[PDB]
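Protein sequences appear in the order of chains W, Z, A, V, D, R, H, E, S and B. Numbered according to the entry's author numbering, the first sequence spans residues 1 to 172. Numbered according to the entry's author numbering, the second sequence spans residues 241 to 279. Numbered according to the entry's author numbering, the third sequence spans residues 2 to 161. Numbered according to the entry's author numbering, the fourth sequence spans residues 1 to 164. Numbered according to the entry's author numbering, the fifth sequence spans residues 1 to 164. Numbered according to the entry's author numbering, the sixth sequence spans residues 145 to 192. Numbered according to the entry's author numbering, the seventh sequence spans residues 1 to 161. Numbered according to the entry's author numbering, the eighth sequence spans residues 734 to 878. Numbered according to the entry's author numbering, the ninth sequence spans residues 1 to 177. Numbered according to the entry's author numbering, the tenth sequence spans residues 1 to 177. Every residue gets a Cβ at the ideal spot worked out from N, C-alpha and C, and that includes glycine.
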Amino acid sequence: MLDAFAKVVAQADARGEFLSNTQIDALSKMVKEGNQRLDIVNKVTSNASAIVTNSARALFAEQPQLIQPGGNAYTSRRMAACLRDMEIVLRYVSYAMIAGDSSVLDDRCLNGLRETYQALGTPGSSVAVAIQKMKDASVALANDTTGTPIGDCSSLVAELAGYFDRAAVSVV
Amino acid sequence: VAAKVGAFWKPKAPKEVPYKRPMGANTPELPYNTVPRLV
Amino acid sequence: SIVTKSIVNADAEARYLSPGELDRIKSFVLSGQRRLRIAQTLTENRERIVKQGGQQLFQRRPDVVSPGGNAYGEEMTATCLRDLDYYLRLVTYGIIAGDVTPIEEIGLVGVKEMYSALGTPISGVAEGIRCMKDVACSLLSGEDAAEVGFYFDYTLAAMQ
Amino acid sequence: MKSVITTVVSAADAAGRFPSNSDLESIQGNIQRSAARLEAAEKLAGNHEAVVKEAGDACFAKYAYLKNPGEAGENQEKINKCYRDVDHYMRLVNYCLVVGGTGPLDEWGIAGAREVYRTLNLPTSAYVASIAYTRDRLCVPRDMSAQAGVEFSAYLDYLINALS
Amino acid sequence: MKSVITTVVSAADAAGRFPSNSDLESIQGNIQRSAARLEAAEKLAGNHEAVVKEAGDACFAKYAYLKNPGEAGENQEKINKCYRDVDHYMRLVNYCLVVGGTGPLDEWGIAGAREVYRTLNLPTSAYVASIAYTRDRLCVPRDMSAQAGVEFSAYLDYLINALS
Amino acid sequence: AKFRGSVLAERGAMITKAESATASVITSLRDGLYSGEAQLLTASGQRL
Amino acid sequence: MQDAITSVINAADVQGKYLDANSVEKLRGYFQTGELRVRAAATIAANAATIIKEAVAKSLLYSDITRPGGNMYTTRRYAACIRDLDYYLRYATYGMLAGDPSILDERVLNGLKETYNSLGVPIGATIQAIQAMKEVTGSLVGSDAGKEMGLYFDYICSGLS
Amino acid sequence: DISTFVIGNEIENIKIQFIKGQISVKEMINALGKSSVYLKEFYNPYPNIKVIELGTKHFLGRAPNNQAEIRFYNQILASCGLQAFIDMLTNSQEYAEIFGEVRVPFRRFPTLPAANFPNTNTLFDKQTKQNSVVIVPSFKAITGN
Amino acid sequence: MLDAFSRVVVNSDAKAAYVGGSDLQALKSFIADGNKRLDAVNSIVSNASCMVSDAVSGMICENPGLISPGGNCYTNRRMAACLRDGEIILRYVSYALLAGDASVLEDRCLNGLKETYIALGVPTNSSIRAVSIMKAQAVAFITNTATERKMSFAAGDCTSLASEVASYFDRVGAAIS
Amino acid sequence: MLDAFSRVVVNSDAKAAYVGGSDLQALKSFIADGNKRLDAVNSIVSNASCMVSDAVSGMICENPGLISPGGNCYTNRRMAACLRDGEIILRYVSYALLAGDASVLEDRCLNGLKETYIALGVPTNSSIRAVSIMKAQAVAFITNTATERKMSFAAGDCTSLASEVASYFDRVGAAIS
Ligand SMILES: *C(C)[C@H]1/C(=C/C2=NC(=C\c3[nH]c(C[C@H]4NC(=O)C(C=C)=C4C)c(C)c3CCC(=O)O)/C(CCC(=O)O)=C2C)NC(=O)[C@@H]1C
Ligand SMILES: *[C@@H](C)[C@H]1/C(=C/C2=NC(=C\c3[nH]c(C[C@H]4NC(=O)C(C=C)=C4C)c(C)c3CCC(=O)O)/C(CCC(=O)O)=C2C)NC(=O)[C@@H]1C
Ligand SMILES: *[C@@H](C)[C@H]1/C(=C/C2=NC(=C\c3[nH]c(C[C@H]4NC(=O)C(C=C)=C4C)c(C)c3CCC(=O)O)/C(CCC(=O)O)=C2C)NC(=O)[C@@H]1C
Ligand SMILES: *[C@@H](C)[C@H]1/C(=C/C2=NC(=C\c3[nH]c(C[C@H]4NC(=O)C(C=C)=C4C)c(C)c3CCC(=O)O)/C(CCC(=O)O)=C2C)NC(=O)[C@@H]1C
Ligand SMILES: *[C@H](C)[C@H]1/C(=C/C2=NC(=C\c3[nH]c(C[C@H]4NC(=O)C(C=C)=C4C)c(C)c3CCC(=O)O)/C(CCC(=O)O)=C2C)NC(=O)[C@@H]1C
Ligand SMILES: *[C@H](C)[C@H]1/C(=C/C2=NC(=C\c3[nH]c(C[C@H]4NC(=O)C(C=C)=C4C)c(C)c3CCC(=O)O)/C(CCC(=O)O)=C2C)NC(=O)[C@@H]1C
Ligand SMILES: *[C@H](C)[C@H]1/C(=C/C2=NC(=C\c3[nH]c(C[C@H]4NC(=O)C(C=C)=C4C)c(C)c3CCC(=O)O)/C(CCC(=O)O)=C2C)NC(=O)[C@@H]1C
Ligand SMILES: *[C@H](C)[C@H]1/C(=C/c2[nH]c(/C=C3N=C(/C=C4\NC(=O)C(CC)=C4C)C(C)=C\3CCC(=O)O)c(CCC(=O)O)c2C)NC(=O)[C@@H]1C
Ligand SMILES: C=CC1=C(C)[C@@H](Cc2[nH]c(/C=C3N=C(/C=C4\NC(=O)[C@H](C)[C@H]4CC)C(C)=C\3CCC(=O)O)c(CCC(=O)O)c2C)NC1=O
Ligand SMILES: C=CC1=C(C)[C@@H](Cc2[nH]c(/C=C3N=C(/C=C4\NC(=O)[C@H](C)[C@H]4CC)C(C)=C\3CCC(=O)O)c(CCC(=O)O)c2C)NC1=O
Ligand SMILES: C=CC1=C(C)[C@@H](Cc2[nH]c(/C=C3N=C(/C=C4\NC(=O)[C@H](C)[C@H]4CC)C(C)=C\3CCC(=O)O)c(CCC(=O)O)c2C)NC1=O
Ligand SMILES: CCC1=C(C)/C(=C/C2=NC(=C\c3[nH]c(/C=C4\NC(=O)[C@H](C)[C@H]4CC)c(C)c3CCC(=O)O)/C(CCC(=O)O)=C2C)NC1=O
Ligand SMILES: CCC1=C(C)/C(=C/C2=NC(=C\c3[nH]c(/C=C4\NC(=O)[C@H](C)[C@H]4CC)c(C)c3CCC(=O)O)/C(CCC(=O)O)=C2C)NC1=O
C-alpha cells in the first residue's frame, strides 16, 4: 500500500537518486487536482449502497441461471456473499482513487482472486459483468455537477474508469 | 530537454463532451442468458 | 567539411560538382579569415564557457551531482565538465569545416548507445550543451552568433 | 440470436435500407417453413419424458460397463444425472426448432461442453449413443409429418456431429 | 463569403432578376471541382500538426535575428504565438478548399493584416517564408492527387500575393 | 554572407528531421513498442 | 575520403587540443588557393569530353593499341577504355578540390592493379594516356592550376605501376 | 545492427513507415539501401568494383555471376551512380523469384555457376572490414571476345 | 435483438421449460396472420419518404420558432440532420413490426437517445410531436383510412397490427421524455 | 451572404477547428444530390409570373375586403405594388433555395419589412395567406404534382428539397407577423 506520492519515492530509491525537478512539478499538479479527486471519492461513497444493489439487480435479469437452483448465487448464504464481493471491490476501488495508485487495489483485493473464484466454482466471467455495471453507475455519478463548481474532471474519471477495468480483467 | 510532441504551441481542448448515442447497426450482438468466450 | 560533403554528393550521382555546388565552395574559402576569428573567440573563452556552462547545468539539473547521481563526487563532476569541453572543442572544428561532419563522426555517432552503457542521462548532457550555448552566444554579435548558435542547436537535436 | 425474422432484419440494417420487397420474400419463405418445424417441436414438448427414458437406457444397454464400480454410472445419483443430461439436450433441440436455427444448441449446450466432459471423465461417445438412438426411432407415420421429421432429424444430426 | 454561389446570387440580386440559366451553369462547376478540392482539405485536416511544425521553423531557420531581445519572437510564449499564427492560416486555407473560393481567407486572414503586423512589428517576410515552404514541399503523387495539389498550391500563393 | 545564404535551408531542414525522430521515439516508447519480449531479451534493448 | 581541412583537424583532435597557431597557418594555406581550385574544377567539368578526346589522340589513337590485336581494338574494348579515362579525370578533380589524394586510394586505386592483370589491360599504355591528360589539362587551366592538377594525375600513375 | 554507426534519425521514418504496414519488405529494403546510411557504409570507402560484389551480397545473397554481369553493373555505377544501382538489383527478375515482395534476403548457398559457390563462401565467411581485398575483381580472360 | 420466436425461447430457457402450450399458441397466430402482417409493413415502406417529410415539416408549422435564428432547425445542416432522424426512427418501427417484438427498437435506436438529445440540445416536446404525427400516419396507412391515397389490399380486419405499431411509437415517445 | 458550405465553416470557426472527415460527409451528399437542386430552382423560375398572379388573386378571392374602398389592395396603383411585393419574396426564396440556407433572405429582404408594413398600414394576416399559396405552389412544381403543368425530369425522390422550400416560406411568414 503506497499512494501516488510514495510511488515515485519508491522508484527513485531503487535507483538511489534524488527526485528530478520535473518530478516535483508533476506532483504539484496532483496537489492542484486535489479538491476534485476528493469530490469523486465523496460521490461514490455517498451512493455505495445503490451502486451495488442496482447493478446486482441488473445482473440477475440478464443472467437468470445465476439465481436458478444449482446456480452460484442461489441460497441465502450465497446471495449475501455475492452482494458483499461487490461491496468489497467497490471499497478498494475508492481506496485506489484517493491514493492515485492501484497498489492498494491489487495487493489487498485483486491478488489471488482469480485463482480463488476458480477454487469455489464462482463464474469469474459473471463477476466481471457485475464490476462493469458498477463502473457505469460510478462514472455517470462522478460527472454530475450537483453541488460542485463547474469545471473539467475528465482525466480524473478516466482514471476512475481505469481502476474498474483493472479489477474486471483480474477476476478472470 | 526541448521535446516537441504534437501541437505544443497551444493548450489542448477540454474534450469534455462524453454522452451516450444509439449505435444503429453498430450495437454488438450479445448472447442471451449467457456470457462470451466459451463457458 | 563543406568540400568533402559536396564531393560525396557528386560521386554518389557520378557527376561533376554543379556550378551551384562550386559557388558554395568559393564563398566558403573566401570567408575563411572571418570563420577562423569566430572559432578563436570560443577557443580563448573555454574557462568561461565550460565553467559557467557547467555551473548553470548543475542548477537546472541538481540531481546529477547530488548523492546518487551519475556525476557525484569530485572525480565524477570533473568528468562531467570534461565532456562539455569535448563538445565545445568539436563546435570549433565544425565552425572551421563549415559543416557538422566533425561533430557527427566524433561524439554523435553511437552516442546514445554509449551513454546508455555508462548509465548517463542523455537529457542531462543536452541540458549542459544548451547552457554552454547561452554563454558562448553572448560573446558574439548579431551575425557570427547565429553561425555559432547552429552548431549548438544541431548537437542538441542530434543527441536526442 | 439468428432466428426466423431476425436474420433478415439484421441484414437489412447493415445496408441501412428499409424492408425490401425482396426482403419480404425470404420472410414469407421462413414463415411457411416454420409450420412443419413447429409441429416437430410441439411433439417433442408434449411427449419428452417418454422419449428421454427410452433414449437414456439405450446408452446403458450399449455401454453396460458404465454401471461398474469406479465408472461414470456407479451410483444411482450418477444415473439420474445421465437422464438429466439427455433431457437437457432434448430441450435445446426443442428451442432450435422454434428459433429455426442452431443458435440455442451452440451457446447453451455445446460451447465448452467438450472440455467439461474431459475433466469429469465422461465419454462423449455415450452422449451420442442416446441421440443416435432417437434419430432412427423416428417414424414418418404415427409420430409426425414427413416434413416435420426432416427438420427434427437435422438438429439431431447437428448435435451428433458436435459432440463426437 | 466569396464562392461560386455568392457571386452569382448577388449579381442577379443587384440586377434585380431571378436565377437564370447562366447562374445554374456555374453551380455545375462547383460539382466538378469538388472531388479535387475536398481531397486537399481532408489531407490538410489530418496532417496539419506536422505541416505547421515544419513550416513554422522555416521562418526561424531563415531569420535568426527574430530571437534577439527586442524582436518578434524573443521569449518562448512569442515563439508559440508564431506557430499559432501559422496554424491560423492553415485552418483558413482548409476553409477555402471547403467553401470553394477565397472568402474565409479574405475576411478572416487578409483584411486588416497590414495594419496589425506593422503596428505590432511583425515582419511579413517571415510570414511568407512559412507559406512558401509549404508550397515547395508539395508532391502531387506522394502527398495528394494531381489536381488536389493544383488548388492547394493556388490558395497558398494567394496568401503569398496578399501578404507581399 | 553568401556562404550562410546557401546553407540556411539545408541546416534548418536537418534539425527538423532530428526532432521528428525524437518525437517518434517518445510516442513509440509510450505506445508499447520496444516493450516486447524480443526487445528485452537483447542487451541493447535493455539499455533503451 | 578526407581533405586538407580534415587532415589538419585530425592532427589536433588526436591530441585532444584546439587549433593552435601552427594549425591556422596550414588552414590559411588551403583557403588562399581555394579560389584557384574552384576555377580549375569548373573549367575541367565543362571540357571533360574534349580533354579525353585530345588526350587519346596524342597517345593511343594510331598505335598497336587500336590496330587489330590491340587491347582497344574492338568497339566494346574502345568504349570500355575511354570510360576509364572518365574515372581518372573525374576523381583527380575531386582530389584537387580537396587538396588530398585520399579519395584516390579508396575509390580508385584499391584492387585496380589486380583488375587489369585479370583482363590483360596494358599498364604502360594506361599511364601514358593519363600523362597526356596532364598536358591537355595543364593547357586549359594554366600553370598554377595545372601544376596542382598534375600532382594527382601523378598519384594515380605511381600507384598504378 | 545500426546502433553503433548511426546518430539515430537517418532511417527512423523508414522504420515507422514499415511498422504501419504502408510499405512492403521490398520497398523497405530498396528504401533502406538507397539511404545515407548505406552510402556512408558500403559506397564511400570502396571502389566500384568492390561496390558490385557487396551489392549482390546484400541484396541477392551471392557473389557476381560472370564477367558480363560485372561489366553491366560497372557501366551503371559510372553513368547513374548508386541509387540507380540499387534499383537494378531490387527490380531484377532474380530478386522477384527468390525473395519476392515479402521475404528478406539471405545467404543463398549457390551451386550451378562455375565459381559462384566458392566465391559466395569467401564473401559471407569474412567479417566486416576484415581486410581491403576485392574477392571478385574480375574473371581471368578466356580466349575469344 | 429478438423476434416473436426468439423471445419465447429466452423466456422458457429462463425457467428451464419446453416451448409448448400457451406460449406455442401465440406463435401459430404469427404464422396464420403472416400475409396480413406483411402488408402492414408494405404500407409503410412505400410511403416512408413522405411520411417523414410531412411530419418534420408538420412540426415546423406548429412551432415556427425552430426556423428562426436560434431555433434548432435553423440551418440547412440542422434541418438535414432532422430529416435523417425521422427516417431512422421510422426504419426501426418498421423493423419492430416485421419482427413482432420491440427489442430491435429498444436497443439500436432508443438506447442512449434521451442522453444524446439533451447534450445536443434538441427540444424534447418538439421531437415527440413529430413522432405523434408519424404515429397517426402509420395507423392510417394500416387501417386504410388515409384520405389522400388508398391501397389495393384484401378484405379483413388489420386491428392489433395498428395497435401494435401504436405501442411502438409511444415507446419511442416515452424514451426521450 | 452565406451558402451551405460557408455555414459549415462558420460553425467550425467557433471551435477553432478544421473541417474534416466527420462533417465533410454531410457536404459530399450536398454535392451528390446537387443536380436535384438545380432542376428544382429551374422549375420555380420557369413558372413565376403565373405563380405570383395566382397567389395574389387567390388572396383576393379569400378576402374580398381589399377591393372595397378602404382596402389596401384597393386601387390600380396598389394592385401593381402588391404584385411587385409578392415577386420580391419569390425572388429571394429562390436565392435561398439555390444557395442552401436562408441568410440571403434574412439580410436583404426581411430586415425592416415588419417595421415597413406597420408604418404603411399593410395588413399582416392577408400577407401570410399570400405566401402560403406561394408555399403550396412551390412544393407542387418541385415534386411535379401540379395539376395544370407537368415538366420532364429524371425519376426519383425530391421531397427533402420540398421540405426545405417550405421552411423558407415559413420564415417569411414568421417575420412579417
Ligand atoms: C392489413 C394490413 C390490410 C389487409 C391485409 C391482408 N392481406 C391479405 C392477403 C395477402 N397479402 C399479400 C401481400 C403480402 N404477402 C406476401 O407474401 C408479401 C411479400 C412477400 C406481401 C406484401 C398477399 C400476396 C396475399 C394473398 C392474397 C390472397 O391469396 O387472397 C389478407 C387476407 C389473408 C389474411 O387475412 O391473412 C388481408 C386481410 N387487408 C386489409 O383489409 C387491411 C387494410
Ligand atoms: C413406424 C411403423 C416405425 C415404428 C413405430 C413404432 N413406435 C413404437 C413405439 C414408440 N414410438 C415412440 C416415438 C418417439 N420417437 C420420436 O422421435 C418421437 C417424437 C419426437 C416419439 C414420440 C416412443 C416413445 C415409443 C415407445 C412407446 C411404448 O413403448 O409403449 C412402436 C411399438 C408400439 C408400442 O410399443 O407402444 C412402433 C411399431 N416402429 C417401426 O419399426 C417403424 C420404423
Ligand atoms: C515528392 C515529389 C517529393 C518528396 C518529398 C518528401 N516529403 C517528405 C515528408 C513530408 N512532406 C511533408 C509535406 C506534406 N505532408 C502533408 O501531410 C501535406 C499536406 C497536407 C504536405 C505538403 C511533411 C510535413 C513531411 C514530413 C512528415 C512526413 O513524412 O509525412 C519526405 C520524407 C523525408 C523527410 O522526412 O524529410 C520526402 C522524401 N518525395 C520525393 O521523392 C520528392 C522529393
Ligand atoms: C398558374 C395557374 C400556375 C398554377 C398555380 C397553382 N395554384 C395552386 C393552388 C391555388 N391557387 C389558388 C388561387 C385560385 N383558387 C381560387 O379559389 C381563386 C379565386 C378565388 C384562385 C385564383 C388557391 C386558393 C390555391 C390553393 C392554396 C393552398 O392549397 O394552400 C397550385 C397547387 C395545387 C395544384 O397543384 O394545382 C399550383 C401549382 N398552376 C399551374 O400549373 C400554372 C402554371
Ligand atoms: C469533478 C469530478 C467535479 C468538479 C469538481 C471541482 N471541485 C472544485 C473545487 C472545490 N472542491 C472543494 C471540496 C474539497 N473539499 C472537500 O472536503 C472535498 C470532498 C468532499 C473536496 C473536493 C472545495 C472546497 C473547492 C473550492 C476551493 C477552490 O477552488 O480553491 C473545482 C474547481 C472550481 C472551478 O474549476 O471552477 C472543480 C472543477 N466539478 C465538476 O463539475 C465535476 C462534476
Ligand atoms: C400584396 C400581396 C400585399 C401588399 C403589398 C404592398 N407593398 C407595398 C409597398 C412596399 N413594399 C415594400 C417591400 C418590398 N420592396 C423591397 O424593395 C423589398 C426587399 C428588398 C420588399 C419586400 C416597400 C419598401 C414598399 C414601399 C415602397 C412603395 O410604396 O412602393 C404597397 C404599396 C402601399 C401603398 O402605397 O398603397 C402594397 C399594396 N399589401 C397588401 O395588402 C397585400 C397583403
Ligand atoms: C427533384 C426536384 C426532381 C427530380 C430531380 C432529378 N434530377 C436528376 C438528374 C439531373 N437533373 C438535371 C437538371 C439540372 N442540372 C443542371 O446542371 C441544370 C442547369 C444548368 C439543371 C436544370 C441534370 C443535368 C441531371 C443529370 C445528372 C445525371 O443523371 O448524371 C435525378 C437523378 C438522380 C441524381 O442524379 O440526382 C433526379 C431525381 N426528379 C424528379 O422527379 C423531381 C420532380
Ligand atoms: C457475486 C457478484 C458473484 C459471486 C460471488 C460469491 N463469492 C462467494 C464466496 C467468497 N468470495 C470471497 C471473496 C473475497 N475474499 C477476499 O478476501 C477478497 C478481497 C481479496 C474478495 C473479493 C471469499 C473468501 C469467499 C468464500 C468465503 C465465503 O463464505 O464467502 C460466494 C459463495 C460461495 C460458496 O458459498 O460456496 C458467491 C456466491 N458469485 C456469483 O454468482 C456472482 C457472479
Ligand atoms: C440509430 C439511431 C439513431 C438516431 C435516432 C439518431 C439520433 C441522433 N441525432 C443526432 C443529431 C441531430 N438530430 C436532430 C434532430 C432533431 N432536432 C430537432 O430540432 C428536431 C426536434 C429533431 C428532428 C425532427 C438535429 C437537428 C441534429 C443535429 C444537431 C447538431 O448538429 O447540432 C445525433 C448526433 C450525431 C450527429 O450529430 O451526426 C444522433 C446520435 N442517430 C442515430 O444514429
Ligand atoms: C483568424 C485569423 C488570425 C490570424 C492570422 C492571427 C493574426 C494575429 N497574430 C497576432 C499575433 C502574433 N503573431 C506572431 C507571429 C509571428 N511573429 C514572428 O516572430 C514571426 C514574424 C511570425 C510567425 C512565424 C507573434 C509573435 C504574435 C504576438 C505579437 C505580440 O504579442 O506582440 C495578432 C495580435 C493579437 C495577439 O497578440 O494575440 C493577430 C490579430 N490571429 C488571428 O485571429
Ligand atoms: C403547417 C404545416 C402542416 C402540414 C405539412 C400538415 C402535416 C400533417 N399531416 C398530418 C396527417 C397525415 N399525413 C399523412 C401523410 C400523407 N398522406 C398521404 O396520403 C400521402 C401519401 C402522405 C404524404 C406524402 C397521412 C396519411 C395523415 C393522416 C390523416 C390523413 O389521412 O391525411 C398531421 C397530423 C394530423 C392528425 O392526425 O392530428 C399533420 C400535422 N399539417 C400541417 O398543419
Ligand atoms: C572492327 C570494328 C572497329 C571499327 C569500326 C573501329 C573504328 C575506329 N575508327 C577510328 C577513327 C576514325 N574514323 C573515322 C570515320 C569516319 N569519318 C567519316 O566522315 C565517316 C562518316 C566515317 C567512316 C564511314 C575518322 C575520320 C577517324 C579519325 C578521327 C580522328 O582521328 O580525329 C579509330 C581511331 C584510329 C584508328 O583507326 O585506329 C578506330 C579505332 N575500330 C574497330 O575495331
Ligand atoms: C573508379 C575506379 C575504377 C576503374 C578505373 C575501373 C576499371 C575497369 N576497367 C574495366 C575494363 C577495361 N578497361 C580497359 C582499359 C584500357 N584499354 C587500353 O588499351 C587502355 C590502355 C586502357 C584505358 C586507358 C578495357 C579495354 C577494358 C575491357 C576489357 C574487356 O572487355 O575484356 C573493367 C571491367 C568491366 C568492363 O569491362 O567494363 C573495370 C571494372 N573500375 C573501377 O571501379
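Where residue i meets chain Z, residues with beta-carbon distance less than 8 Å
{"i": "residue 124 (chain A)", "result": "241"}
Contact with chain C by residue i, beta-carbon distance below 8 Å
{"i": "residue 271 (chain Z)", "result": "Going by chain labels, chain C is absent from the structure shown, which instead holds the protein chains W, Z, A, V, D, R, H, E, S and B."}
Listed by chain order, chain A residues near residue i by CB distance under 7 Å
{"i": "residue 777 (chain E)", "result": "9"}
Under 7 Å by beta carbon: chain Z residues contacting residue i
{"i": "residue 115 (chain S)", "result": "259, 260"}
Three-state class that DSSP yields for residue i in the structure shown
{"i": "residue 112 (chain S)", "result": "coil"}
{"i": "residue 181 (chain A)", "result": "An answer regarding residue 181 (chain A) cannot be provided, because it is not within the stretch 2 to 161 covered by chain A."}
{"i": "residue 16 (chain V)", "result": "coil"}
{"i": "residue 276 (chain Z)", "result": "coil"}
First and last residue of the uninterrupted alpha helix (DSSP H) at residue i
{"i": "residue 132 (chain V)", "result": "132–137"}
{"i": "residue 4 (chain A)", "result": "3–14"}
Amino acids of chain R, ordered along the chain, whose beta-carbon sits closer than 7 Å to that of residue i
{"i": "residue 154 (chain A)", "result": "159"}
* Asked: Can you list every residue whose CB sits closer than 5 Å to some heavy atom of ligand 2, going in chain order?
  -> V:43, V:44, V:47, V:50, V:51, V:137, V:138, V:139, V:143
* What are the start and end residues of each continuous alpha helix (DSSP H) run of 4 or more residues lying completely inside the segment 95–169 of chain B, in chain order? -> 103–108, 113–120, 124–141, 159–162
* To do: Could I get the ranges of all uninterrupted alpha helix (DSSP H) runs contained in the segment 82–125 of chain V, with 4 residues as the minimum, in chain order?
  => 103–109, 113–119
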